[PDB]
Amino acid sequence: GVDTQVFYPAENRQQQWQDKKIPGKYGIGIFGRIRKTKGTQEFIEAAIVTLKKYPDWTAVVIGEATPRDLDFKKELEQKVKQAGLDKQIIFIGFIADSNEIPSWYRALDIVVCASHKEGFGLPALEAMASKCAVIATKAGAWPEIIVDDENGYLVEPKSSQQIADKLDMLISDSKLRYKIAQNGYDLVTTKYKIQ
């Protein structure tokens, strides 16, 4: 379950995003360690396809690469630069503070949970508790938290284009995005609330 006293929606998402002082008007995020098994590459590749189409949207990677994966993070940064998207795909720096993370969920419209295998679904639950629309793999939303097209989306692991297709759809139909997000929120505050 998730602590809904910690993870919850802001009063004004557009303002929470503005307060981060990063380019764009609407955000998409991925949380956790930067490592290939976490799906960070499918996220970046999906963002490169998607964000060429939507200039007001920005993707953020919230987490860091451990030493063994610094090379991987550099390759991702290169892919972004070579696509001409360094104003729309941003790797956020580490901060120790307890609420940075919950505050990020409050600033984001969409969260992607792209893990190939690892996870207990907590970042899907945290995102849903914050009324973010979630796109996840089976691992990302373990164990079967999401009903596709009802309270989030499901994608196969290792498929950047499937993530892009879902991002495209959620960005282009805001009414659908808000309904999906609300449905996810309703589910987690009812069935996965710690208190």
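Numbers for residues come from their place in the sequence shown, where the first is 1.
Legend: mean Cα B-factor per stretch from the PDB entry, 63-71 versus 129-137; the higher mean is in 63-71.
According to the PDB record, 93-101 carries the higher mean C-alpha B-factor of the two stretches 72-80 and 93-101. Of the residues listed, 149, 56, 165, 42, the entry assigns the biggest Cα temperature factor to 56. Split the chain's modelled residues into thirds by C-alpha temperature factor. Residue 20 is in the highest one.
Residue 29 sits in the lowest third of its chain by CA B factor, as recorded in the PDB entry. Among the modelled residues of the chain, residue 49 sits in the middle third by CA temperature factor in this PDB entry.
Compared with the other modelled residues of the chain, the Cα B-factor recorded for residue 176 ranks in the middle third. Sort the chain's modelled residues by C-alpha temperature factor and residue 122 lands in the highest third, per the entry.
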